[PDB]
Structure formats: structure tokens, C-alpha cells
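Coordinates from my_file_33.pdb are shown below (PDB, C-alpha atoms and all ligand atoms).
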ATOM      1  CA  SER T1086       5.612-119.529 -21.491
ATOM      2  CA  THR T1087       4.611-123.213 -20.713
ATOM      3  CA  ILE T1088       8.067-124.713 -21.681
ATOM      4  CA  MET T1089       9.983-122.040 -19.612
ATOM      5  CA  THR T1090       7.292-122.132 -16.795
ATOM      6  CA  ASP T1091       6.979-125.985 -16.395
ATOM      7  CA  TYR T1092      10.816-126.633 -16.358
ATOM      8  CA  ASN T1093      11.843-123.271 -14.643
ATOM      9  CA  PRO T1094      15.629-123.914 -14.953
ATOM     10  CA  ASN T1095      17.976-122.752 -12.143
ATOM     11  CA  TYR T1096      21.052-120.750 -13.230
ATOM     12  CA  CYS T1097      24.067-120.616 -10.837
ATOM     13  CA  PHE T1098      26.831-117.915 -11.316
ATOM     14  CA  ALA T1099      29.326-116.942  -8.562
ATOM     15  CA  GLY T1100      27.340-119.413  -6.321
ATOM     16  CA  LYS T1101      24.102-117.307  -6.568
ATOM     17  CA  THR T1102      20.958-118.968  -8.034
ATOM     18  CA  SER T1103      18.678-117.013 -10.416
ATOM     19  CA  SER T1104      15.496-118.010 -12.324
ATOM     20  CA  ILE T1105      13.210-116.524 -15.031
ATOM     21  CA  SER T1106      11.567-114.678 -12.008
ATOM     22  CA  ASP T1107      14.742-112.501 -11.598
ATOM     23  CA  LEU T1108      14.922-111.214 -15.243
ATOM     24  CA  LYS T1109      13.868-107.518 -15.762
ATOM     25  CA  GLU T1110      10.655-107.970 -17.859
ATOM     26  CA  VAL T1111      10.329-104.749 -19.979
ATOM     27  CA  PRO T1112       6.692-104.007 -21.025
ATOM     28  CA  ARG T1113       6.335-104.845 -24.782
ATOM     29  CA  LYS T1114       4.577-101.473 -25.527
ATOM     30  CA  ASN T1115       7.837 -99.719 -24.350
ATOM     31  CA  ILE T1116       9.912-101.548 -27.088
ATOM     32  CA  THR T1117      10.181-100.273 -30.735
ATOM     33  CA  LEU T1118      12.239-102.090 -33.465
ATOM     34  CA  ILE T1119      14.157 -99.595 -35.748
ATOM     35  CA  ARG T1120      16.053-101.834 -38.267
ATOM     36  CA  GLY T1121      17.221-105.440 -38.839
ATOM     37  CA  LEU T1122      20.972-106.041 -38.199
ATOM     38  CA  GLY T1123      20.678-109.463 -39.971
ATOM     39  CA  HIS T1124      20.376-112.819 -38.075
ATOM     40  CA  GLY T1125      22.753-115.138 -36.115
ATOM     41  CA  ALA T1126      22.470-118.957 -36.404
ATOM     42  CA  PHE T1127      18.911-118.787 -34.900
ATOM     43  CA  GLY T1128      16.633-115.698 -34.545
ATOM     44  CA  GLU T1129      16.854-112.112 -35.893
ATOM     45  CA  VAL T1130      18.748-109.172 -34.313
ATOM     46  CA  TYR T1131      17.272-105.623 -34.467
ATOM     47  CA  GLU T1132      18.296-102.129 -33.443
ATOM     48  CA  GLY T1133      15.482-100.916 -31.127
ATOM     49  CA  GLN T1134      14.597 -98.360 -28.419
ATOM     50  CA  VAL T1135      13.131 -98.760 -24.874
ATOM     51  CA  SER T1136      11.105 -96.052 -22.987
ATOM     52  CA  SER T1143      15.718 -89.844 -24.630
ATOM     53  CA  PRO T1144      14.909 -93.588 -25.071
ATOM     54  CA  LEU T1145      17.554 -96.348 -24.377
ATOM     55  CA  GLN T1146      19.253 -97.585 -27.618
ATOM     56  CA  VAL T1147      19.216-101.444 -27.605
ATOM     57  CA  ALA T1148      20.130-104.489 -29.679
ATOM     58  CA  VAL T1149      17.089-106.864 -29.648
ATOM     59  CA  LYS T1150      17.770-110.625 -29.981
ATOM     60  CA  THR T1151      14.498-112.417 -31.044
ATOM     61  CA  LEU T1152      13.414-116.060 -30.537
ATOM     62  CA  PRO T1153      11.628-117.438 -33.660
ATOM     63  CA  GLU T1154       7.955-118.239 -32.819
ATOM     64  CA  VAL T1155       8.528-121.519 -34.800
ATOM     65  CA  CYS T1156      11.076-123.196 -32.450
ATOM     66  CA  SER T1157      11.608-126.392 -30.346
ATOM     67  CA  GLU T1158      11.160-126.807 -26.544
ATOM     68  CA  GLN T1159      15.043-126.918 -26.470
ATOM     69  CA  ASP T1160      15.226-123.551 -28.379
ATOM     70  CA  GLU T1161      12.947-121.904 -25.702
ATOM     71  CA  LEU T1162      15.132-123.125 -22.746
ATOM     72  CA  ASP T1163      18.353-122.158 -24.672
ATOM     73  CA  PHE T1164      16.915-118.599 -25.040
ATOM     74  CA  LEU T1165      15.920-118.454 -21.319
ATOM     75  CA  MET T1166      19.426-119.685 -20.263
ATOM     76  CA  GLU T1167      21.148-117.015 -22.469
ATOM     77  CA  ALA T1168      18.948-114.321 -20.767
ATOM     78  CA  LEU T1169      19.936-115.573 -17.242
ATOM     79  CA  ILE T1170      23.680-115.831 -18.168
ATOM     80  CA  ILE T1171      24.022-112.240 -19.565
ATOM     81  CA  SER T1172      21.721-110.652 -16.869
ATOM     82  CA  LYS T1173      23.894-111.981 -13.972
ATOM     83  CA  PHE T1174      27.259-110.484 -15.212
ATOM     84  CA  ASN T1175      28.358-107.023 -13.892
ATOM     85  CA  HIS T1176      31.583-105.960 -15.689
ATOM     86  CA  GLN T1177      32.655-103.030 -17.948
ATOM     87  CA  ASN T1178      33.974-105.511 -20.663
ATOM     88  CA  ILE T1179      30.806-107.710 -20.856
ATOM     89  CA  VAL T1180      27.800-106.378 -22.855
ATOM     90  CA  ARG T1181      24.968-105.206 -20.519
ATOM     91  CA  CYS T1182      21.474-106.762 -20.608
ATOM     92  CA  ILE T1183      18.798-103.974 -20.393
ATOM     93  CA  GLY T1184      16.131-106.673 -19.756
ATOM     94  CA  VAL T1185      13.861-109.138 -21.614
ATOM     95  CA  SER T1186      10.342-109.336 -23.065
ATOM     96  CA  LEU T1187       9.483-113.061 -22.604
ATOM     97  CA  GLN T1188       5.690-112.544 -21.953
ATOM     98  CA  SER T1189       5.038-111.455 -25.607
ATOM     99  CA  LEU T1190       5.855-113.234 -28.920
ATOM    100  CA  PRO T1191       8.352-113.173 -30.461
ATOM    101  CA  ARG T1192      10.370-113.262 -27.188
ATOM    102  CA  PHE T1193      13.137-110.602 -26.836
ATOM    103  CA  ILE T1194      16.465-110.192 -25.070
ATOM    104  CA  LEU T1195      17.451-106.480 -24.826
ATOM    105  CA  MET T1196      21.229-105.742 -24.933
ATOM    106  CA  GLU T1197      23.477-102.647 -24.848
ATOM    107  CA  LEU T1198      23.645-101.331 -28.474
ATOM    108  CA  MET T1199      27.369-101.529 -29.421
ATOM    109  CA  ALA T1200      27.649 -98.888 -32.214
ATOM    110  CA  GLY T1201      31.169-100.182 -33.190
ATOM    111  CA  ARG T1202      29.521-103.565 -34.186
ATOM    112  CA  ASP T1203      31.357-106.951 -33.901
ATOM    113  CA  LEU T1204      35.184-106.939 -33.584
ATOM    114  CA  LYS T1205      35.657-109.224 -36.661
ATOM    115  CA  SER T1206      33.728-106.729 -38.939
ATOM    116  CA  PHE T1207      35.394-103.696 -37.203
ATOM    117  CA  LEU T1208      38.934-105.040 -37.945
ATOM    118  CA  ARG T1209      38.153-105.966 -41.615
ATOM    119  CA  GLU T1210      36.516-102.514 -42.328
ATOM    120  CA  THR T1211      38.899-100.241 -40.219
ATOM    121  CA  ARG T1212      42.051-101.922 -41.755
ATOM    122  CA  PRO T1213      44.603 -99.177 -42.669
ATOM    123  CA  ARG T1214      44.307 -98.207 -46.408
ATOM    124  CA  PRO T1215      45.481 -95.315 -48.685
ATOM    125  CA  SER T1216      41.870 -93.975 -48.121
ATOM    126  CA  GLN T1217      42.759 -93.847 -44.322
ATOM    127  CA  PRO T1218      46.533 -94.331 -43.586
ATOM    128  CA  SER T1219      46.426 -94.034 -39.712
ATOM    129  CA  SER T1220      42.806 -95.297 -39.138
ATOM    130  CA  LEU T1221      44.248 -97.897 -36.676
ATOM    131  CA  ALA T1222      47.614 -98.283 -34.834
ATOM    132  CA  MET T1223      49.294-101.005 -32.686
ATOM    133  CA  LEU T1224      48.033 -99.196 -29.478
ATOM    134  CA  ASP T1225      44.328 -99.410 -30.639
ATOM    135  CA  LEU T1226      44.809-103.203 -31.045
ATOM    136  CA  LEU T1227      46.504-103.559 -27.619
ATOM    137  CA  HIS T1228      43.545-101.611 -26.042
ATOM    138  CA  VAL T1229      41.040-104.037 -27.673
ATOM    139  CA  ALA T1230      43.169-107.009 -26.411
ATOM    140  CA  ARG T1231      43.366-105.488 -22.847
ATOM    141  CA  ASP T1232      39.552-104.850 -22.794
ATOM    142  CA  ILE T1233      38.706-108.496 -23.735
ATOM    143  CA  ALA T1234      41.444-109.872 -21.358
ATOM    144  CA  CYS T1235      39.802-107.772 -18.553
ATOM    145  CA  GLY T1236      36.407-109.385 -19.340
ATOM    146  CA  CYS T1237      38.131-112.825 -19.444
ATOM    147  CA  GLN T1238      39.779-112.138 -16.038
ATOM    148  CA  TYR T1239      36.325-111.281 -14.568
ATOM    149  CA  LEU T1240      34.929-114.609 -15.917
ATOM    150  CA  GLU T1241      38.010-116.527 -14.632
ATOM    151  CA  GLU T1242      37.793-115.035 -11.067
ATOM    152  CA  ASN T1243      34.003-115.930 -11.039
ATOM    153  CA  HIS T1244      34.783-119.526 -12.282
ATOM    154  CA  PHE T1245      32.853-119.016 -15.591
ATOM    155  CA  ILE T1246      34.325-120.762 -18.687
ATOM    156  CA  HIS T1247      33.302-118.911 -21.904
ATOM    157  CA  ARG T1248      34.380-121.762 -24.293
ATOM    158  CA  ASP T1249      34.343-119.538 -27.458
ATOM    159  CA  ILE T1250      36.542-116.432 -27.020
ATOM    160  CA  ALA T1251      36.704-115.294 -30.685
ATOM    161  CA  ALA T1252      36.526-111.928 -32.565
ATOM    162  CA  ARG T1253      33.021-112.907 -33.873
ATOM    163  CA  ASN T1254      31.773-112.909 -30.187
ATOM    164  CA  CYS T1255      33.191-109.414 -29.253
ATOM    165  CA  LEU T1256      31.562-105.965 -29.764
ATOM    166  CA  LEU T1257      32.850-102.342 -29.750
ATOM    167  CA  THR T1258      31.053 -99.362 -28.102
ATOM    168  CA  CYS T1259      32.006 -97.108 -31.117
ATOM    169  CA  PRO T1260      34.253 -97.129 -34.253
ATOM    170  CA  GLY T1261      36.376 -94.054 -33.303
ATOM    171  CA  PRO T1262      38.858 -93.389 -30.444
ATOM    172  CA  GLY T1263      37.571 -94.145 -26.897
ATOM    173  CA  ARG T1264      36.134 -97.481 -28.216
ATOM    174  CA  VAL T1265      35.681-100.182 -25.522
ATOM    175  CA  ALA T1266      35.709-103.898 -26.539
ATOM    176  CA  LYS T1267      33.300-106.279 -24.703
ATOM    177  CA  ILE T1268      32.414-109.991 -24.804
ATOM    178  CA  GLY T1269      29.003-109.950 -26.506
ATOM    179  CA  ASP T1270      27.822-113.589 -27.052
ATOM    180  CA  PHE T1271      27.614-116.553 -24.575
ATOM    181  CA  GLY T1272      25.919-119.145 -26.871
ATOM    182  CA  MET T1273      28.613-121.871 -26.428
ATOM    183  CA  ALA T1274      28.557-121.518 -22.574
ATOM    184  CA  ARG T1275      24.675-121.673 -22.803
ATOM    185  CA  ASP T1276      24.724-124.933 -24.921
ATOM    186  CA  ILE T1277      26.926-126.888 -22.401
ATOM    187  CA  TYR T1278      25.050-125.590 -19.260
ATOM    188  CA  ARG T1279      21.927-127.135 -20.982
ATOM    189  CA  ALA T1280      23.868-130.415 -21.831
ATOM    190  CA  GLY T1287      27.943-131.970 -34.069
ATOM    191  CA  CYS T1288      31.752-131.448 -34.528
ATOM    192  CA  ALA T1289      31.334-129.379 -37.804
ATOM    193  CA  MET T1290      29.828-126.539 -35.617
ATOM    194  CA  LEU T1291      32.522-126.750 -32.795
ATOM    195  CA  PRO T1292      34.910-123.719 -32.960
ATOM    196  CA  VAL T1293      37.863-126.182 -33.323
ATOM    197  CA  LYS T1294      40.224-123.352 -34.571
ATOM    198  CA  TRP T1295      39.798-121.646 -31.096
ATOM    199  CA  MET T1296      40.104-124.863 -28.972
ATOM    200  CA  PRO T1297      43.159-126.318 -27.165
ATOM    201  CA  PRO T1298      44.009-130.047 -27.526
ATOM    202  CA  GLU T1299      42.402-131.220 -24.189
ATOM    203  CA  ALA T1300      39.083-129.483 -25.168
ATOM    204  CA  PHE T1301      38.619-131.103 -28.640
ATOM    205  CA  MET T1302      40.298-134.470 -27.599
ATOM    206  CA  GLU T1303      38.809-134.985 -24.052
ATOM    207  CA  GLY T1304      35.963-132.401 -23.758
ATOM    208  CA  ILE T1305      37.944-130.951 -20.779
ATOM    209  CA  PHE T1306      37.141-127.245 -20.198
ATOM    210  CA  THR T1307      38.903-125.052 -17.542
ATOM    211  CA  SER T1308      39.880-121.321 -17.456
ATOM    212  CA  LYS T1309      43.032-122.462 -19.363
ATOM    213  CA  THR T1310      40.620-123.289 -22.257
ATOM    214  CA  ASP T1311      39.786-119.542 -22.456
ATOM    215  CA  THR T1312      43.547-118.700 -22.226
ATOM    216  CA  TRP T1313      44.187-120.773 -25.402
ATOM    217  CA  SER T1314      41.143-119.189 -27.195
ATOM    218  CA  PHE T1315      42.372-115.714 -26.168
ATOM    219  CA  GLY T1316      45.733-116.441 -27.914
ATOM    220  CA  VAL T1317      43.749-117.157 -31.117
ATOM    221  CA  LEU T1318      41.705-113.908 -30.598
ATOM    222  CA  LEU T1319      45.053-112.000 -30.227
ATOM    223  CA  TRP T1320      46.089-113.498 -33.596
ATOM    224  CA  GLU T1321      42.709-112.407 -35.094
ATOM    225  CA  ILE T1322      43.249-108.843 -33.654
ATOM    226  CA  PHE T1323      46.914-108.450 -34.823
ATOM    227  CA  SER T1324      46.063-109.971 -38.283
ATOM    228  CA  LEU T1325      43.299-107.253 -38.616
ATOM    229  CA  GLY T1326      40.512-109.890 -38.858
ATOM    230  CA  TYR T1327      41.942-112.830 -40.896
ATOM    231  CA  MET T1328      40.492-116.335 -40.326
ATOM    232  CA  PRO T1329      42.905-118.356 -38.095
ATOM    233  CA  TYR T1330      45.050-121.157 -39.678
ATOM    234  CA  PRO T1331      44.740-119.700 -43.211
ATOM    235  CA  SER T1332      43.799-122.403 -45.819
ATOM    236  CA  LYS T1333      43.373-125.239 -43.199
ATOM    237  CA  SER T1334      40.109-127.165 -42.631
ATOM    238  CA  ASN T1335      38.882-128.057 -39.095
ATOM    239  CA  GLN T1336      40.489-131.606 -39.261
ATOM    240  CA  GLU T1337      43.779-130.156 -40.648
ATOM    241  CA  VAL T1338      43.865-127.704 -37.685
ATOM    242  CA  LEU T1339      43.019-130.522 -35.186
ATOM    243  CA  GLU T1340      45.960-132.644 -36.560
ATOM    244  CA  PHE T1341      48.328-129.597 -36.829
ATOM    245  CA  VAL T1342      47.667-128.323 -33.242
ATOM    246  CA  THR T1343      47.657-131.886 -31.607
ATOM    247  CA  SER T1344      51.128-132.442 -33.272
ATOM    248  CA  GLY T1345      52.547-129.101 -31.871
ATOM    249  CA  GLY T1346      51.867-126.824 -34.897
ATOM    250  CA  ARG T1347      51.183-123.138 -34.122
ATOM    251  CA  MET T1348      50.250-120.140 -36.291
ATOM    252  CA  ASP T1349      53.045-117.848 -37.586
ATOM    253  CA  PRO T1350      53.023-114.219 -36.379
ATOM    254  CA  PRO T1351      50.496-111.950 -38.147
ATOM    255  CA  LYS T1352      52.007-109.517 -40.734
ATOM    256  CA  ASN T1353      54.227-106.932 -38.864
ATOM    257  CA  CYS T1354      53.264-108.426 -35.433
ATOM    258  CA  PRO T1355      55.803-107.289 -32.767
ATOM    259  CA  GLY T1356      57.766-110.117 -31.055
ATOM    260  CA  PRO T1357      56.428-109.290 -27.525
ATOM    261  CA  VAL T1358      52.788-109.646 -28.784
ATOM    262  CA  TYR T1359      53.550-112.896 -30.678
ATOM    263  CA  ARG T1360      55.163-114.241 -27.451
ATOM    264  CA  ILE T1361      51.840-113.707 -25.562
ATOM    265  CA  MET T1362      50.111-115.841 -28.292
ATOM    266  CA  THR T1363      52.771-118.620 -28.034
ATOM    267  CA  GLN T1364      52.421-118.733 -24.173
ATOM    268  CA  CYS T1365      48.557-118.910 -24.580
ATOM    269  CA  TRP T1366      49.121-121.975 -26.895
ATOM    270  CA  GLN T1367      51.287-124.095 -24.534
ATOM    271  CA  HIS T1368      50.246-127.779 -24.970
ATOM    272  CA  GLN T1369      49.773-128.315 -21.158
ATOM    273  CA  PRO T1370      47.083-126.052 -19.585
ATOM    274  CA  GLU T1371      49.307-125.600 -16.436
ATOM    275  CA  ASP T1372      52.030-123.978 -18.688
ATOM    276  CA  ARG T1373      49.504-121.353 -20.009
ATOM    277  CA  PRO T1374      49.229-117.961 -18.251
ATOM    278  CA  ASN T1375      46.111-116.981 -16.269
ATOM    279  CA  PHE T1376      44.361-113.719 -17.342
ATOM    280  CA  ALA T1377      46.154-111.637 -14.602
ATOM    281  CA  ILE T1378      49.507-112.574 -16.248
ATOM    282  CA  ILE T1379      48.081-111.979 -19.810
ATOM    283  CA  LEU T1380      46.856-108.493 -18.707
ATOM    284  CA  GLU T1381      50.339-107.701 -17.212
ATOM    285  CA  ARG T1382      52.070-108.808 -20.487
ATOM    286  CA  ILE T1383      49.565-106.728 -22.585
ATOM    287  CA  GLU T1384      50.244-103.680 -20.278
ATOM    288  CA  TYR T1385      54.064-104.093 -20.757
ATOM    289  CA  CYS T1386      53.588-104.202 -24.607
ATOM    290  CA  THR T1387      51.563-100.901 -24.438
ATOM    291  CA  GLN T1388      54.542 -99.289 -22.564
ATOM    292  CA  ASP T1389      57.213-100.523 -25.103
ATOM    293  CA  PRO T1390      57.906 -97.912 -27.876
ATOM    294  CA  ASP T1391      59.357-100.688 -30.180
ATOM    295  CA  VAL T1392      55.873-102.382 -29.977
ATOM    296  CA  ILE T1393      53.511 -99.376 -30.341
ATOM    297  CA  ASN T1394      55.695 -97.520 -32.986
ATOM    298  CA  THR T1395      55.351-100.611 -35.308
ATOM    299  CA  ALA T1396      53.396 -99.696 -38.507
ATOM    300  CA  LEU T1397      50.385-101.939 -39.311
ATOM    301  CA  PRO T1398      50.318-103.203 -42.935
ATOM    302  CA  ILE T1399      48.384-100.952 -45.388
ATOM    303  CA  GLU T1400      45.835-103.010 -47.435
ATOM    304  CA  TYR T1401      45.853-101.964 -51.166
TER     305      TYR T1401
HETATM  306  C1  LIG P1501      25.308-101.403 -34.422
HETATM  307  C2  LIG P1501      24.370-102.592 -34.441
HETATM  308  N1  LIG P1501      25.096-103.794 -34.873
HETATM  309  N2  LIG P1501      25.498-103.973 -36.200
HETATM  310  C3  LIG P1501      26.114-105.117 -36.323
HETATM  311 CL1  LIG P1501      26.760-105.734 -37.818
HETATM  312  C4  LIG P1501      26.132-105.743 -35.065
HETATM  313  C5  LIG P1501      25.497-104.898 -34.165
HETATM  314  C6  LIG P1501      25.275-105.140 -32.717
HETATM  315  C7  LIG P1501      25.410-104.151 -31.736
HETATM  316  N3  LIG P1501      25.192-104.404 -30.444
HETATM  317  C8  LIG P1501      24.831-105.615 -30.022
HETATM  318  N4  LIG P1501      24.616-105.825 -28.673
HETATM  319  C9  LIG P1501      24.652-106.685 -30.928
HETATM  320  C10 LIG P1501      24.872-106.408 -32.277
HETATM  321  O1  LIG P1501      24.271-107.923 -30.502
HETATM  322  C11 LIG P1501      24.343-109.180 -31.210
HETATM  323  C12 LIG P1501      23.498-110.262 -30.577
HETATM  324  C13 LIG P1501      25.748-109.599 -31.605
HETATM  325  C14 LIG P1501      26.568-109.944 -30.506
HETATM  326  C15 LIG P1501      27.883-110.342 -30.671
HETATM  327  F1  LIG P1501      28.653-110.664 -29.610
HETATM  328  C16 LIG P1501      28.426-110.408 -31.936
HETATM  329  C17 LIG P1501      27.649-110.090 -33.030
HETATM  330  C18 LIG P1501      26.327-109.676 -32.881
HETATM  331  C19 LIG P1501      25.633-109.388 -34.153
HETATM  332  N5  LIG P1501      24.706-110.144 -34.639
HETATM  333  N6  LIG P1501      24.264-109.590 -35.828
HETATM  334  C20 LIG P1501      23.222-110.211 -36.645
HETATM  335  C21 LIG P1501      24.953-108.443 -36.039
HETATM  336  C22 LIG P1501      25.821-108.268 -35.011
HETATM  337  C23 LIG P1501      26.795-107.112 -34.835
END
Give the structure from the file, written as C-alpha cells.
Amino acid sequence: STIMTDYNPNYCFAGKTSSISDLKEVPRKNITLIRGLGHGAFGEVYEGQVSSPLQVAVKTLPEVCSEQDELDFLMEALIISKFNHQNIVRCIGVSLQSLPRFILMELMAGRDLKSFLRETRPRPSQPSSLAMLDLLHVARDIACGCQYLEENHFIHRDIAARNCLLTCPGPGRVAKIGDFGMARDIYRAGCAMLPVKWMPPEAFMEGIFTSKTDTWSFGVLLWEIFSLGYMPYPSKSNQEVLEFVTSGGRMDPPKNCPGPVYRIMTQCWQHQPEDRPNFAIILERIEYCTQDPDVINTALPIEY
């Protein structure tokens, strides 16, 4: 591990330092790959087992990779390993002393939130598959994770449905923040890869990131949730969104979205960061919506 060894990056979370030394190295002989889950931008993801063996998701580092790719992978390992919260995916450990290198994560049987929403959309095949309360529970779960990050001074920078996972498809599902790749890239120090549709004006104009960055992104996630997994700003390109948002344009409510839920989105999208709610206030507003019969009795649209 010459690149990881020679540099040995520090990682600082909640004012505690950690290094490669602190990662739980799992012996490679204890790790079995079961199936491919596809690939991200870089590296494959597998279902695997560690040892009633632990069910894991295995993120792999390609053996053909840059010095920068190696440190990026190490940083991702340190970031996820240092979190302790019910709404952030657990890291079981790593296997960095064998090739390809592995990060071992909690297997989230519900898969990514974006896929979950698109595939669990109410249909004639399943009329009451999902209700307004299920969506408010997903929103609460991710807001709880976001509140944990906020109170530990960690800025996620890409709160989006694509970066969230579900413990299971059925009732009792818990949503968690599952990917920290954007946070990893900045810690390490083009525009067509920036998640501009999730970014407030000060982020894409000035490169200014605060916890009010995540508040804005959470508003967009709420839209993704209540739309049942539509792409934000339907039919707009990245530059069209940049111009629309920087000129005060905001998304319309999703189909059948209750007013109280839409109002949480519109507060998340205040132009000035100081006018946006912190995650404690977002959680309170989500909790009030879950109490309101006129919210939770609202029918979701049935896709034909
Ligand atoms: C039931 C397995 N499964 N199936 C699907 Cl689809 C997915 C998962 C799965 C389950 N758990 C975990 N931890 C997991 C994946 O982690 C990865 C790194 C991840 C993390 C994320 F925040 C978002 C997406 C993915 C992901 N990437 N790819 C290629 C697929 C998936 C989803």
C-alpha cells in the first residue's frame, strides 16, 4: 500500500484524528463475493459475506488506478468508519492489504432510494404499495442523518436520492445516507459532474459550503421523494437550472404534494442561507406533517 503508506493522510471528524491504522482490517480469507450489483463511477460493487455470516456490500478499488484514486478510496474508508448514527450506513471494515482493495458496508436490502421510489410507485398491480406516511418516514430518516452531520460540523455536499439506501423494501424500512464521495473529493482538494440541480446559489457561484448547503440539497431530495423518483427540474439542463435558480426560479410541487410538505421545500430553497431552516427545524416540520390527517390521507398518484 505504498501510496496510502507514504502519504498516510490524517482524517479529522468531530475534532478526532484517525488514520489508515484505525480502520478494521478484515482478513481477506473471511470475505466471499456473492454477486455483482453493477458499478458506480469508479470500481465495482458486490453483495458479499464476512465470517450466520455478516451480509455486506463490497465496494472495490480497480487495480488499474491512479495515486489519487488510492487516496480517494482511503479517505472514503476513514469518513464512513468514523460516523456512528442509525441513519448513516455502517462500515463493517476494509480489506486494504489485498488486491483489489475492499470497503465493507452494511448490505441495504431495500437498495438505493431513487430505484426504490421508481419501482415501488403505486400502480394497478399494487394500489397501496406506498402512502404519504412512508414518504414522510424516509424524509425524517434522512433529515435525522443530516442533523447528526450538522451537529458534528460535517457538510455532505450531495444530499440526493441516488446517495440514500433503504434497509428493506417493505414496512419497517429505514432510510440512510449511503455515499460520501463528494465530501471525500473536497477533503482531498469539472462542472459537468457537479450535482448543480442539488446546489444552492452560493455553492455553484462562490464555492461556499456550510450546513445550509445541505438544507438546500435536502429540499431537492424532498422533491425527489414526493415526486416518487423524478429527476429534479424536469426538461432543464445544468446551465438552465443554474440560470433559473440564480434568478429566483423554484420547482413546482410534485403531483398531489400536500401544501405543508411543499412549504418545507420552499423554506429549504430560500436564496439567503440564513433564511433556510437548520435540520432541527426541518425535523420538527416533518414531524408536524406526519401528525396532520390532511397530509397523510392524501392519495399518491397511481402510475398507469
Ligand atoms: C441490495 C444490494 N444493492 N442493490 C442495489 Cl441496486 C444497491 C445495493 C446496495 C446495498 N447496500 C449498499 N451498502 C450498497 C448498495 O452500497 C453502494 C456503494 C451504494 C451506495 C449508495 F449510497 C447508493 C447506491 C449504491 C449502489 N451502487 N450500486 C452499483 C448499486 C447500489 C444500490
Name the residues that the PyMOL selection byres (((chain T and resi 1330-1333) around 12) and not hetatm) picks from the file above, as a tab-separated table (two decimals) with C-alpha atoms, in the coordinates of the input, using the file's chain letters and numbers.
chain	number	residue	atom	x	y	z
T	1293	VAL	CA	37.86	-126.18	-33.32
T	1294	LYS	CA	40.22	-123.35	-34.57
T	1295	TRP	CA	39.80	-121.65	-31.10
T	1317	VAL	CA	43.75	-117.16	-31.12
T	1320	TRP	CA	46.09	-113.50	-33.60
T	1321	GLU	CA	42.71	-112.41	-35.09
T	1324	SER	CA	46.06	-109.97	-38.28
T	1326	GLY	CA	40.51	-109.89	-38.86
T	1327	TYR	CA	41.94	-112.83	-40.90
T	1328	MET	CA	40.49	-116.34	-40.33
T	1329	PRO	CA	42.90	-118.36	-38.10
T	1334	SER	CA	40.11	-127.16	-42.63
T	1335	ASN	CA	38.88	-128.06	-39.10
T	1336	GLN	CA	40.49	-131.61	-39.26
T	1337	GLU	CA	43.78	-130.16	-40.65
T	1338	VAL	CA	43.86	-127.70	-37.68
T	1339	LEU	CA	43.02	-130.52	-35.19
T	1340	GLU	CA	45.96	-132.64	-36.56
T	1341	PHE	CA	48.33	-129.60	-36.83
T	1342	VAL	CA	47.67	-128.32	-33.24
T	1346	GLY	CA	51.87	-126.82	-34.90
T	1347	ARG	CA	51.18	-123.14	-34.12
T	1348	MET	CA	50.25	-120.14	-36.29
T	1349	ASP	CA	53.04	-117.85	-37.59
T	1350	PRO	CA	53.02	-114.22	-36.38
T	1351	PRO	CA	50.50	-111.95	-38.15
- For a cut-off of 6 Å around (26.2, -107.0, -21.9), file coordinates, pick out all residues using only C-alpha atoms and list them as a ChimeraX atom specification. /T:1179-1182,1196-1197
- Item | Among listed residues T:1242, T:1163, T:1270, T:1210, nearest ligand LIG 1501 (chain P) (using all atoms listed in the file) |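 Among the listed residues, T:1270 lies closest to ligand LIG 1501 (chain P).
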- Task: Produce as an NGL selection string the set of residues near ligand LIG 1501 (chain P), where near means within 6 Å with all atoms listed in the file considered.
- Result: :T and (1122-1125 or 1130 or 1148 or 1150 or 1196-1200 or 1202-1203 or 1253-1256 or 1269-1270)
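Our summary of the geometry notes that atom CA of residue 1272 of chain T is positioned 8.5 Å from atom CA of residue 1249 of chain T.
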